[PDB]
Amino acid sequence: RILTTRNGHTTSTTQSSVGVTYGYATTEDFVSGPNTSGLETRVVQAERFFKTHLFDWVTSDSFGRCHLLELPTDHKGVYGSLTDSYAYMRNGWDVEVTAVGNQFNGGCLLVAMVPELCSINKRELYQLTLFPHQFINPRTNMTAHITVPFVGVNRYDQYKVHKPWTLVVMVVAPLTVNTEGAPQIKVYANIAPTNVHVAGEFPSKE
Amino acid sequence: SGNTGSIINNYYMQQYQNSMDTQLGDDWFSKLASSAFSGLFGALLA
Amino acid sequence: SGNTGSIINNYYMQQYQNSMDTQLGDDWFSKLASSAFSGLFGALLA
Amino acid sequence: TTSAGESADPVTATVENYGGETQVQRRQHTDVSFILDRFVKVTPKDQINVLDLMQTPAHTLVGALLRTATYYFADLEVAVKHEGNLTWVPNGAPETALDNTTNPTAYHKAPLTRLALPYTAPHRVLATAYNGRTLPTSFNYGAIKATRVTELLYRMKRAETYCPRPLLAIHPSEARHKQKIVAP
Amino acid sequence: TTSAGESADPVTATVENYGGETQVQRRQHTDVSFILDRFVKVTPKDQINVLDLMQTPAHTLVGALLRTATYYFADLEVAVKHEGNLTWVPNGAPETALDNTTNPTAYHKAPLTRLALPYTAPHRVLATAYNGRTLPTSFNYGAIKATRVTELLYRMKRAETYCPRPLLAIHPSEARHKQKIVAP
Amino acid sequence: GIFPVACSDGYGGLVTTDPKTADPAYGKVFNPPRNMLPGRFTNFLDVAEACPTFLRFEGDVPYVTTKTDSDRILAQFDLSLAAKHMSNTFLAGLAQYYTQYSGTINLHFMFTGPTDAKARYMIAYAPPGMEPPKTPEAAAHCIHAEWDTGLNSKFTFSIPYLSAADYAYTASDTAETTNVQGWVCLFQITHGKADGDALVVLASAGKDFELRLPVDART
Amino acid sequence: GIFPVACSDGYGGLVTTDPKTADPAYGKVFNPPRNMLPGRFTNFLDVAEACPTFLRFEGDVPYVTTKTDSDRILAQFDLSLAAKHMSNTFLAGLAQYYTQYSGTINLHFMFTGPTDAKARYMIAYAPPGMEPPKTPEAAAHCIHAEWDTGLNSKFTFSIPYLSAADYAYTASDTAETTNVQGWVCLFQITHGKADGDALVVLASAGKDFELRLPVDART
């Protein structure tokens, strides 16, 4: 089950793929609306993978232990500079989450992309599957892949004041090592902004 | 369309009764539910 | 014509509901606005 | 877009000049007939009230917009709260007629009386300004009378406006005129 | 039915797997537009009431179901019990407008006032959650005001819902949540 | 003269759920375009079908763990949308706003143990009228399914709608001691080195699951 | 018998803006002819488009004067129909009676100096989210236009509508410290003997300027 994903001049290959989950839609909604008066443009150079460590999954983590990553996050590449050069932006996300141990580990992680996530309560975690998601079950796979479009009450956003998407990873069944499994599993994310459009060029700092 | 059951046309124009939608240029979950796998993944005996 | 939204004909004759206009023998500002120059007065480079 | 500014011919540049795109616009809410076609309250006199659109307060939506027209035409509607019977009389009528019931008289019926009245002036059109401050007495829609009138509202129907005049917003003392906007 | 559970592709087994037969189902009562299209009571404030669907109590049928949508759209109806005249003002209006009668104002008529109002927000759609707890002030349907408002009911019309969110039942202390059911 | 009419007593009061619309007051407003926004749902049951959610077991967890002891019962609960085991599901959240239902409820079981852990499970439906089975042998006579672990980690089973009446109540009456709709019984036939491994279970609406008669009862 | 009808509660009160007409009382009156009177206008925005009106600058004047000093800022104000600079325009007078707008606002600049006075100007639009530019060099990175004086004394520039939402508010909230819609920045690149000469500026509605949702807020 080999899958190779390409975003710009960056590729990621997995031999333990369970496929890709498309959330809420297969294609983006109209990118040119009346709120940008035809002044918007696409920035292909930003549509590439950037990386970040999420957390270390250990045996002491119990059901419900979760990690949240609001998007967009700090970006030190071209995508990041866009947020300092333009007032309005929009983009979707191509998300790949990895948790590598071996096939002798047990336990299970749920990774989901949740819109407008202003903290979630304990009982609500039982229904996290309502959101675009995929599981990471060591006996089967080490990679989760989710792809979602831009969402929001506005056609374009101001990322300095609003984060439409939150990546969440939750432990559903605790990690087991059983003598031959990996002692712990570090969870990493490989993310790429998709269809990035910007509008309203800012002045410089000079 | 929702919980409405009158057989006569509304006395007022649509332009007054409701806001009017505009276009640019159960949808998703209905398609998702309809696409559900509903069989057996293996071989069936008797 | 203004802020009126009934789909049924008025119960009373027009001759009673309103005064009647007579003839002898947004007009001006609409024409003025429509005639506005909307380009460039000179030569355009790229 | 450069042009001869002394000319007065309207010039309307667009965002296309620098690569933008002009959008679609819907202007029903700034249509003259539509915007003036709504009730506006006026402070009444106890008994005799001459129907005169200039009684509308100048800062109100209807009052301000009406005053941006020098000449106008319109039929009228009134909603009146009154005690006793309400009698209306046309433009040019002797004041004494206000007490005679054969002139359109509405018998009291709670909570108020709504009436449609026709334009009745001898002029082809009326004005909000007249250089002859003070307007000719013939500029009116007749008069009404009742034992006591408590509320009087005017509503312009089929309105027509000619020759625009100044329309002023509030002048701020600060860089912007700030107001508390409705919020949850 | 066995399958790859890590996938997330929906799997719907049927009783046919063991010789049963799937029946016919009628789901009109779980249709979004239909279920939200009914009045729900909200506790009002004495005079100024900003129309905001998030005022609906979270445990009510309308409140709970509305909160299972992150984004929604709907026109509105209100039924209000009030003293004096009721004035409504659109989204973005200065609070001061609540005292001016040319804005939609309903004169008192026992026992209450029912009004159909249009969506009026500047956004293409509104939300029940916003990651910017607290929602932007522009998320409202205008505001109403009267000498005193005693009852306020909201009714969503033509409702549309996007992106489902958790919907929680009561958590029982026992093996089952038991309630006294209507019986003769 | 004019049309005579009879203003009828008993008609005209405001009914919170009536099928008519109010009179309008503010016309001609055009909304910002919103065609083809992602994630739309038009019927609550479509998401209940497409998105299974977690059951809750002793200890506030969505799984049951394999055990090594003569007792092979993994879980046994009342087939009721008001059951504690179902209390955190989307299905139960929706069901509380309706008084009746009929149709299939699907249960999903996902094995989470390591590759060298194997097990064989059994799910059975025990109808009302007799105490639920305590052993797999006794439960064999009920409608049931057995399956083992392997490459595919998930198994789905349809709990059938079986009752005297065409609809059943979503709520459980206080004078109702023994469950009216029966029990779902999850057993462990045996296992191979799967001690402590978790089997997570979810529930979703089946093709003919139906909810009717909306009701607002608090909750 | 006669037609039975239900007089419904919640309907029938007078609404100051309702879509129906009153009953008539005095019929058959014919008006004096008034066809083809000059100067008619049927939509307030047609005159807002066709008749630009003056902006107001420090000192109660409709112009800004060229200066000779390192500071090249001629004017900088909040893009708001509630701005002091726009307070005497017809556009602002109309906008106060609506809660929302979208579309283009055109600015007109007319040089008034003598024939032997020359200058080069720059107009820029700085979006919200960052402090407005203080110099022409910094403002160069914004949407902008530069032009010089000559035979044609006037230059017109369209301020674009750019925002997250499809509509913006005409009024400015008191809890709004930094302008929500940005700033218009008028700079002087340089000049040739134009000290004390005036550049008058006007504003008019653009082709897609739109006002919606009438409101009477006093003012």
# chains A, B, ... in the order shown; residues from 1 in each chain; ligands from 1
call {"tool": "closest_atom_pairs", "arguments": {"of": "stretch 22-74 of chain G", "to": "stretch 211-218 of chain G", "cutoff": "12 Å", "atoms": "only C-alpha atoms", "output": "tab-separated table"}}
result
residue	atom	partner	partner_atom	distance
G:43	CA	G:211	CA	11.4
G:44	CA	G:211	CA	10.0
G:45	CA	G:211	CA	8.5
G:48	CA	G:211	CA	11.2
call {"tool": "interface_residues", "arguments": {"of": "chain D", "to": "chain E", "cutoff": "12 Å", "atoms": "only C-alpha atoms", "output": "ChimeraX atom specification"}}
result
/D:35-42,56-57,59-63,79,81,110-112,151-155,177-184
call {"tool": "closest_atom_pairs", "arguments": {"of": "chain A", "to": "chain B", "cutoff": "9 Å", "atoms": "only C-alpha atoms", "output": "CSV"}}
result
residue,atom,partner,partner_atom,distance
A:24,CA,B:28,CA,6.4
A:25,CA,B:28,CA,7.0
A:30,CA,B:25,CA,7.2
A:32,CA,B:25,CA,8.6
A:33,CA,B:24,CA,7.2
call {"tool": "residues_around", "arguments": {"residues": "residue A:145", "least_positions_apart": "4", "cutoff": "6 Å", "atoms": "only C-alpha atoms", "output": "JSON, numbers by chain"}}
result
{"A": [20, 95, 96]}
call {"tool": "select_by_dssp", "arguments": {"residues": "chain G", "states": "strand (DSSP E or B)", "output": "ChimeraX atom specification"}}
result
/G:3-5,15,24,30,40-41,43,53-54,57,61,63-65,73-78,83,98-102,105-111,118-126,143-148,154-159,168-169,172-173,183-192,198-205,210-214
call {"tool": "residues_around", "arguments": {"residues": "residue G:171", "least_positions_apart": "2", "cutoff": "7 Å", "atoms": "only C-alpha atoms", "output": "PyMOL selection string"}}
result
chain G and resi 82+99+169+173
call {"tool": "interface_residues", "arguments": {"of": "chain G", "to": "chain D", "cutoff": "6 Å", "atoms": "only C-alpha atoms", "output": "PyMOL selection string"}}
result
chain G and resi 16-17+22-24+32+34+39-44+50+82-84+87+90+92-93+152-156+158+172-174+208+210+212+216+218-219
call {"tool": "residues_around", "arguments": {"residues": "residue C:21", "least_positions_apart": "2", "cutoff": "10 Å", "atoms": "only C-alpha atoms", "output": "PyMOL selection string"}}
result
(chain C and resi 18-19+23) or (chain D and resi 124) or (chain G and resi 29-35)
call {"tool": "write_last_selection", "arguments": {"atoms": "C-alpha atoms", "output": "PDB file, in the first residue's frame"}}
result
ATOM      1  CA  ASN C  18     -54.378  57.194  -6.015  1.00  0.00           C
ATOM      2  CA  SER C  19     -54.615  60.536  -7.785  1.00  0.00           C
ATOM      3  CA  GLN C  23     -50.180  64.242 -19.880  1.00  0.00           C
TER       4      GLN C  23
ATOM      5  CA  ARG D 124     -47.953  70.478 -10.968  1.00  0.00           C
TER       6      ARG D 124
ATOM      7  CA  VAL G  29     -58.790  63.480  -8.620  1.00  0.00           C
ATOM      8  CA  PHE G  30     -56.728  64.317 -11.706  1.00  0.00           C
ATOM      9  CA  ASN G  31     -53.369  66.048 -11.292  1.00  0.00           C
ATOM     10  CA  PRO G  32     -51.966  68.955 -13.295  1.00  0.00           C
ATOM     11  CA  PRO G  33     -49.695  67.571 -16.035  1.00  0.00           C
ATOM     12  CA  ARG G  34     -46.026  67.281 -15.029  1.00  0.00           C
ATOM     13  CA  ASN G  35     -44.458  65.123 -17.724  1.00  0.00           C
TER      14      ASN G  35
END
call {"tool": "select_by_dssp", "arguments": {"residues": "stretch 2-169 of chain D", "states": "alpha helix (DSSP H)", "output": "PyMOL selection string"}}
result
chain D and resi 32-36+61-66
call {"tool": "interface_residues", "arguments": {"of": "chain A", "to": "chain D", "cutoff": "12 Å", "atoms": "only C-alpha atoms", "output": "compact mmCIF listing (two decimals) with N, CA, C and O atoms, in the first residue's frame"}}
result
# COMPACT_ATOMS: atom_id res chain seq x y z
N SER A 32 -12.70 33.65 -6.23
CA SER A 32 -12.84 35.04 -6.64
C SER A 32 -14.26 35.53 -6.38
O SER A 32 -15.16 35.30 -7.19
N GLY A 33 -14.45 36.21 -5.26
CA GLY A 33 -15.76 36.72 -4.92
C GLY A 33 -15.72 38.24 -4.88
O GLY A 33 -14.69 38.84 -5.14
N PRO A 34 -16.84 38.87 -4.54
CA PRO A 34 -16.86 40.34 -4.49
C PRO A 34 -16.03 41.00 -3.38
O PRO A 34 -15.71 42.19 -3.48
N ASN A 35 -15.68 40.25 -2.34
CA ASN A 35 -14.92 40.84 -1.23
C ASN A 35 -13.45 41.19 -1.53
O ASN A 35 -12.81 41.88 -0.73
N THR A 36 -12.91 40.73 -2.66
CA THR A 36 -11.52 41.04 -3.02
C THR A 36 -11.43 41.85 -4.32
O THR A 36 -10.33 42.13 -4.81
N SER A 37 -12.59 42.21 -4.87
CA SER A 37 -12.66 43.03 -6.08
C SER A 37 -11.69 42.65 -7.18
O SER A 37 -11.11 43.53 -7.83
N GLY A 38 -11.51 41.35 -7.39
CA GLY A 38 -10.62 40.88 -8.44
C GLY A 38 -9.14 41.15 -8.22
O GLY A 38 -8.35 40.96 -9.14
N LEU A 39 -8.76 41.56 -7.02
CA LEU A 39 -7.36 41.86 -6.73
C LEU A 39 -6.56 40.68 -6.16
O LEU A 39 -5.36 40.81 -5.89
N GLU A 40 -7.20 39.53 -5.98
CA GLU A 40 -6.52 38.36 -5.42
C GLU A 40 -5.62 37.63 -6.41
O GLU A 40 -5.84 37.70 -7.62
N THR A 41 -4.60 36.96 -5.89
CA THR A 41 -3.70 36.16 -6.73
C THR A 41 -3.29 34.90 -6.00
O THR A 41 -3.34 34.83 -4.76
N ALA A 199 -4.61 38.65 -0.95
CA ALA A 199 -5.16 39.93 -1.42
C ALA A 199 -4.83 41.06 -0.44
O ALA A 199 -4.73 40.83 0.77
N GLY A 200 -4.66 42.26 -0.97
CA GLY A 200 -4.38 43.41 -0.13
C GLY A 200 -2.96 43.52 0.36
O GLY A 200 -2.69 43.28 1.54
call {"tool": "closest_atom_pairs", "arguments": {"of": "chain A", "to": "chain F", "cutoff": "7 Å", "atoms": "only C-alpha atoms", "output": "tab-separated table"}}
result
residue	atom	partner	partner_atom	distance
A:24	CA	F:39	CA	4.1
A:25	CA	F:38	CA	5.4
A:29	CA	F:36	CA	6.2
A:63	CA	F:61	CA	6.5
A:103	CA	F:115	CA	5.7
A:104	CA	F:114	CA	4.8
A:105	CA	F:114	CA	5.2
A:106	CA	F:114	CA	4.4
A:107	CA	F:112	CA	5.4
A:108	CA	F:112	CA	6.3
A:123	CA	F:88	CA	6.3
A:126	CA	F:54	CA	5.1
A:127	CA	F:53	CA	5.1
A:129	CA	F:53	CA	6.1
A:130	CA	F:51	CA	5.4
A:137	CA	F:112	CA	6.4
A:138	CA	F:114	CA	6.9
A:139	CA	F:115	CA	5.1
A:173	CA	F:198	CA	6.5
call {"tool": "write_last_selection", "arguments": {"atoms": "C-alpha atoms", "output": "CSV table (one decimal), in the first residue's frame"}}
result
chain,number,residue,atom,x,y,z
A,24,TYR,CA,-16.3,18.1,3.6
A,25,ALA,CA,-15.5,18.4,-0.1
A,29,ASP,CA,-15.4,26.8,-3.4
A,63,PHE,CA,-7.9,7.7,26.7
A,103,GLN,CA,4.0,-3.8,14.4
A,104,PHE,CA,4.5,-5.1,17.9
A,105,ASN,CA,3.1,-2.0,19.6
A,106,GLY,CA,-0.6,-1.9,20.4
A,107,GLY,CA,-3.0,0.9,21.0
A,108,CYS,CA,-4.6,3.5,18.8
A,123,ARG,CA,-17.6,13.7,26.6
A,126,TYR,CA,-16.5,10.3,22.1
A,127,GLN,CA,-17.9,12.0,18.9
A,129,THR,CA,-15.3,11.0,14.4
A,130,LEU,CA,-17.9,13.5,13.1
A,137,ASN,CA,-3.4,1.6,14.6
A,138,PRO,CA,0.2,0.2,14.8
A,139,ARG,CA,-0.8,-3.3,13.7
A,173,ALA,CA,-6.5,3.1,23.2
call {"tool": "interface_residues", "arguments": {"of": "chain F", "to": "chain G", "cutoff": "7 Å", "atoms": "only C-alpha atoms", "output": "list in words"}}
result
residues 4, 5, 6, 7, 8, 11, 12, 13, 14, 25, 26 and 32 of chain F
call {"tool": "closest_residue", "arguments": {"among": "B:1, B:10, B:17, B:31", "to": "chain G", "atoms": "only C-alpha atoms"}}
result
B:17
call {"tool": "interface_residues", "arguments": {"of": "chain B", "to": "chain G", "cutoff": "10 Å", "atoms": "only C-alpha atoms", "output": "PyMOL selection string"}}
result
chain B and resi 12-13+16
call {"tool": "write_last_selection", "arguments": {"atoms": "N, CA, C and O atoms", "output": "PDB file, in the first residue's frame"}}
result
ATOM      1  N   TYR B  12     -47.988  37.732   0.245  1.00  0.00           N
ATOM      2  CA  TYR B  12     -46.905  38.673  -0.017  1.00  0.00           C
ATOM      3  C   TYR B  12     -45.879  38.106  -0.987  1.00  0.00           C
ATOM      4  O   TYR B  12     -45.713  36.893  -1.078  1.00  0.00           O
ATOM      5  N   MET B  13     -45.203  38.987  -1.719  1.00  0.00           N
ATOM      6  CA  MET B  13     -44.182  38.564  -2.673  1.00  0.00           C
ATOM      7  C   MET B  13     -43.015  37.889  -1.955  1.00  0.00           C
ATOM      8  O   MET B  13     -42.719  38.190  -0.791  1.00  0.00           O
ATOM      9  N   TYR B  16     -40.381  39.910  -0.301  1.00  0.00           N
ATOM     10  CA  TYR B  16     -40.685  40.527   0.981  1.00  0.00           C
ATOM     11  C   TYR B  16     -40.717  39.494   2.095  1.00  0.00           C
ATOM     12  O   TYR B  16     -40.239  39.752   3.197  1.00  0.00           O
TER      13      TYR B  16
END
call {"tool": "closest_atom_pairs", "arguments": {"of": "chain B", "to": "chain E", "cutoff": "7 Å", "atoms": "only C-alpha atoms", "output": "JSON lines"}}
result
{"residue": "B:2", "atom": "CA", "partner": "E:34", "partner_atom": "CA", "distance": 3.9}
{"residue": "B:3", "atom": "CA", "partner": "E:34", "partner_atom": "CA", "distance": 4.9}
{"residue": "B:17", "atom": "CA", "partner": "E:116", "partner_atom": "CA", "distance": 6.9}
{"residue": "B:18", "atom": "CA", "partner": "E:118", "partner_atom": "CA", "distance": 5.6}
{"residue": "B:19", "atom": "CA", "partner": "E:118", "partner_atom": "CA", "distance": 4.9}
{"residue": "B:33", "atom": "CA", "partner": "E:10", "partner_atom": "CA", "distance": 6.9}
{"residue": "B:36", "atom": "CA", "partner": "E:10", "partner_atom": "CA", "distance": 4.8}
{"residue": "B:37", "atom": "CA", "partner": "E:11", "partner_atom": "CA", "distance": 4.8}
{"residue": "B:38", "atom": "CA", "partner": "E:12", "partner_atom": "CA", "distance": 5.0}
{"residue": "B:39", "atom": "CA", "partner": "E:1", "partner_atom": "CA", "distance": 6.2}
{"residue": "B:40", "atom": "CA", "partner": "E:1", "partner_atom": "CA", "distance": 4.6}
{"residue": "B:41", "atom": "CA", "partner": "E:2", "partner_atom": "CA", "distance": 5.7}
call {"tool": "closest_residue", "arguments": {"among": "B:30, B:11, B:35, B:45", "to": "chain C", "atoms": "only C-alpha atoms"}}
result
B:11
call {"tool": "interface_residues", "arguments": {"of": "chain C", "to": "chain B", "cutoff": "6 Å", "atoms": "only C-alpha atoms", "output": "ChimeraX atom specification"}}
result
/C:5-7
call {"tool": "atom_distance", "arguments": {"atom1": "atom CA of residue A:128", "atom2": "atom CA of residue F:58"}}
result
19.9 Å
call {"tool": "residues_around", "arguments": {"residues": "stretch 74-88 of chain A", "least_positions_apart": "4", "cutoff": "12 Å", "atoms": "only C-alpha atoms", "output": "PyMOL selection string"}}
result
(chain A and resi 35-36+39-52+69-70+154-163+191-205) or (chain G and resi 125-131+141-143+162-165+180-182)
call {"tool": "residues_around", "arguments": {"residues": "residue A:56", "least_positions_apart": "2", "cutoff": "6 Å", "atoms": "only C-alpha atoms", "output": "CSV table (one decimal) with N, CA, C and O atoms, in the first residue's frame"}}
result
chain,number,residue,atom,x,y,z
A,185,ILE,N,6.4,6.3,21.0
A,185,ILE,CA,6.2,6.7,19.6
A,185,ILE,C,6.1,8.2,19.5
A,185,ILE,O,5.2,8.8,20.1
A,186,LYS,N,7.1,8.8,18.8
A,186,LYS,CA,7.0,10.3,18.6
A,186,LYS,C,6.1,10.5,17.4
A,186,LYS,O,6.2,9.9,16.4
A,187,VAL,N,5.2,11.5,17.6
A,187,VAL,CA,4.2,11.8,16.6
A,187,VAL,C,4.6,13.1,15.8
A,187,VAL,O,4.8,14.2,16.5
call {"tool": "decode", "arguments": {"residues": "stretch 108-128 of chain F", "atoms": "N, CA and C atoms", "output": "PDB file, in the first residue's frame"}}
result
ATOM      1  N   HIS F 108     -19.767  -1.397  15.580  1.00  0.00           N
ATOM      2  CA  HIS F 108     -18.478  -1.584  14.912  1.00  0.00           C
ATOM      3  C   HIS F 108     -17.447  -1.976  15.960  1.00  0.00           C
ATOM      4  N   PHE F 109     -16.616  -2.966  15.640  1.00  0.00           N
ATOM      5  CA  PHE F 109     -15.588  -3.446  16.561  1.00  0.00           C
ATOM      6  C   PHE F 109     -14.215  -3.394  15.896  1.00  0.00           C
ATOM      7  N   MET F 110     -13.289  -2.664  16.512  1.00  0.00           N
ATOM      8  CA  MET F 110     -11.956  -2.521  15.947  1.00  0.00           C
ATOM      9  C   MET F 110     -10.874  -3.022  16.887  1.00  0.00           C
ATOM     10  N   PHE F 111     -10.141  -4.051  16.453  1.00  0.00           N
ATOM     11  CA  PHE F 111      -9.067  -4.617  17.261  1.00  0.00           C
ATOM     12  C   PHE F 111      -7.846  -3.712  17.209  1.00  0.00           C
ATOM     13  N   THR F 112      -7.263  -3.499  18.378  1.00  0.00           N
ATOM     14  CA  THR F 112      -6.144  -2.593  18.559  1.00  0.00           C
ATOM     15  C   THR F 112      -4.840  -3.241  19.053  1.00  0.00           C
ATOM     16  N   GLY F 113      -4.860  -4.549  19.264  1.00  0.00           N
ATOM     17  CA  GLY F 113      -3.675  -5.228  19.757  1.00  0.00           C
ATOM     18  C   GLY F 113      -2.540  -5.303  18.750  1.00  0.00           C
ATOM     19  N   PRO F 114      -1.345  -5.729  19.190  1.00  0.00           N
ATOM     20  CA  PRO F 114      -0.207  -5.831  18.269  1.00  0.00           C
ATOM     21  C   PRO F 114      -0.402  -7.002  17.303  1.00  0.00           C
ATOM     22  N   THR F 115       0.437  -7.054  16.286  1.00  0.00           N
ATOM     23  CA  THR F 115       0.337  -8.073  15.269  1.00  0.00           C
ATOM     24  C   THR F 115       0.433  -9.520  15.779  1.00  0.00           C
ATOM     25  N   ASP F 116       1.084  -9.716  16.918  1.00  0.00           N
ATOM     26  CA  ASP F 116       1.242 -11.058  17.469  1.00  0.00           C
ATOM     27  C   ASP F 116       0.205 -11.375  18.549  1.00  0.00           C
ATOM     28  N   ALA F 117      -0.902 -10.641  18.528  1.00  0.00           N
ATOM     29  CA  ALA F 117      -1.990 -10.861  19.477  1.00  0.00           C
ATOM     30  C   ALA F 117      -3.195 -11.260  18.633  1.00  0.00           C
ATOM     31  N   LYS F 118      -3.810 -12.391  18.955  1.00  0.00           N
ATOM     32  CA  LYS F 118      -4.962 -12.840  18.190  1.00  0.00           C
ATOM     33  C   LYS F 118      -6.154 -13.133  19.082  1.00  0.00           C
ATOM     34  N   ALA F 119      -7.351 -13.000  18.532  1.00  0.00           N
ATOM     35  CA  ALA F 119      -8.532 -13.252  19.333  1.00  0.00           C
ATOM     36  C   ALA F 119      -9.719 -13.589  18.469  1.00  0.00           C
ATOM     37  N   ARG F 120     -10.715 -14.185  19.103  1.00  0.00           N
ATOM     38  CA  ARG F 120     -11.938 -14.541  18.423  1.00  0.00           C
ATOM     39  C   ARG F 120     -13.075 -14.020  19.304  1.00  0.00           C
ATOM     40  N   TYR F 121     -13.971 -13.248  18.703  1.00  0.00           N
ATOM     41  CA  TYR F 121     -15.077 -12.646  19.433  1.00  0.00           C
ATOM     42  C   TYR F 121     -16.436 -13.119  18.947  1.00  0.00           C
ATOM     43  N   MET F 122     -17.454 -12.817  19.746  1.00  0.00           N
ATOM     44  CA  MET F 122     -18.825 -13.181  19.428  1.00  0.00           C
ATOM     45  C   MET F 122     -19.781 -12.084  19.891  1.00  0.00           C
ATOM     46  N   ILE F 123     -20.681 -11.671  19.008  1.00  0.00           N
ATOM     47  CA  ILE F 123     -21.670 -10.665  19.359  1.00  0.00           C
ATOM     48  C   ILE F 123     -23.023 -11.349  19.176  1.00  0.00           C
ATOM     49  N   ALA F 124     -23.926 -11.161  20.128  1.00  0.00           N
ATOM     50  CA  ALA F 124     -25.240 -11.791  20.044  1.00  0.00           C
ATOM     51  C   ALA F 124     -26.319 -10.834  20.481  1.00  0.00           C
ATOM     52  N   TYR F 125     -27.525 -11.064  19.984  1.00  0.00           N
ATOM     53  CA  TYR F 125     -28.663 -10.252  20.364  1.00  0.00           C
ATOM     54  C   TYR F 125     -29.635 -11.169  21.087  1.00  0.00           C
ATOM     55  N   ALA F 126     -29.907 -10.858  22.347  1.00  0.00           N
ATOM     56  CA  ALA F 126     -30.817 -11.659  23.146  1.00  0.00           C
ATOM     57  C   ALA F 126     -32.115 -10.869  23.282  1.00  0.00           C
ATOM     58  N   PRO F 127     -33.222 -11.419  22.766  1.00  0.00           N
ATOM     59  CA  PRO F 127     -34.519 -10.745  22.831  1.00  0.00           C
ATOM     60  C   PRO F 127     -35.122 -10.735  24.224  1.00  0.00           C
ATOM     61  N   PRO F 128     -36.072  -9.825  24.468  1.00  0.00           N
ATOM     62  CA  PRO F 128     -36.724  -9.720  25.776  1.00  0.00           C
ATOM     63  C   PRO F 128     -37.615 -10.928  26.060  1.00  0.00           C
TER      64      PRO F 128
END
